[PDB]
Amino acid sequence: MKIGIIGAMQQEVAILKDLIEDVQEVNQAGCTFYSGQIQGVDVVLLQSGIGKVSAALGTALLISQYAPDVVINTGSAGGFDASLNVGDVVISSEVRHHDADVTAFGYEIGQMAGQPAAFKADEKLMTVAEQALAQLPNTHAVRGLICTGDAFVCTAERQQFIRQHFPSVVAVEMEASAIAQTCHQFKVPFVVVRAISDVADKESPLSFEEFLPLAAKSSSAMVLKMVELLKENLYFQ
C-alpha cells in the first residue's frame, strides 16, 4: 500500500519529511511531493499550500499521479471544543465547509451543491487512528466535526457564526474540507489528524505562530503511529 499524507505548511510537514527514506522530491504547480518509505511503508507527503483551492489542487494531483490508497491530513487547527488545550490532537469524524452557503437552492448550510452535506472520515482509517491514540496513552484528543473555510478564525463574531450553524464543531482550519471533498470525488478514504495551535480568538494570530511547532509535533507523532500500524494492517496491505 501507499499512504498519502497532506499538510499545508512547511512547518507542518517538516517532521514527517525528515523521516522519509530514499526520498524523491517533485515540484509541480506550487506543490511539493516527497515519495519514499517511512519505517518500511510507502508514503507520498504533499506540502499543498494554504487554503481550499491550493489543498484541492494539490490533492487532485496527489491522487491522479500517485494513487495513494489512503489520505491522512496532518497539521494545526483552531480549537472550538472546550476540552481541547493547545497541543492536543483533533481527529475528524466528518468534515464540512463552514463557509459554503447554497441554502437558496435547498441545500443545508455548509453543503456545496452537488456534494453530500458532510464528508465522513473512513471507518477503517478511523480504527487505525483509535489504535494509534491508544499507543500514546498520556495524550488527550477529541474526535468530532472539523469545519473548514478560507479564513483564519480569530473573532468572536466568526466563532459565533460557526458555532450557531455547526453546533458540534470541535475545531476549524483552512484545508480539510477541500482535501475531504477531493478524496470523496476520487473515492479515496481519508481522515484528518491535526492538533491545536490556538483557540480561534483575538489572541490566535500570536498563539498560532508561537504554538505551530507544538501542534506539528503532536499531529506528526499521531500520524507516524498510524503509519507504523498501517505497515502491518492486513486489510489495507
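In case it trips you up, residue 1 is the first one in the sequence shown, and so on.
- Taking the PDB entry as given, 20-28 carries the higher mean Cα B factor of the two stretches 20-28 and 218-226.
- Two stretches are in play, 94-102 and 75-83, and the higher mean C-alpha B-factor belongs to 75-83.
- Of the candidates 151, 156, 142, 147, the one whose C-alpha carries the top B factor in the deposited record is 156.
- Across the residues 133, 112, 121, 118, the deposited record lists the maximum Cα B factor for 133.
- Placement of the Cα temperature factor of residue 168 within the chain: middle third of the modelled residues, per the deposited record.
- Residue 202: CA B factor lies in the highest third for its chain, per the PDB record.
- Ranked by Cα temperature factor within the chain, residue 5 sits in the lowest third according to the deposited record.
- Per-chain ranking of the deposited C-alpha B factor places residue 41 in the highest third.
- Remark: residue 69 belongs to the middle third of its chain, ranked by C-alpha B-factor as recorded.
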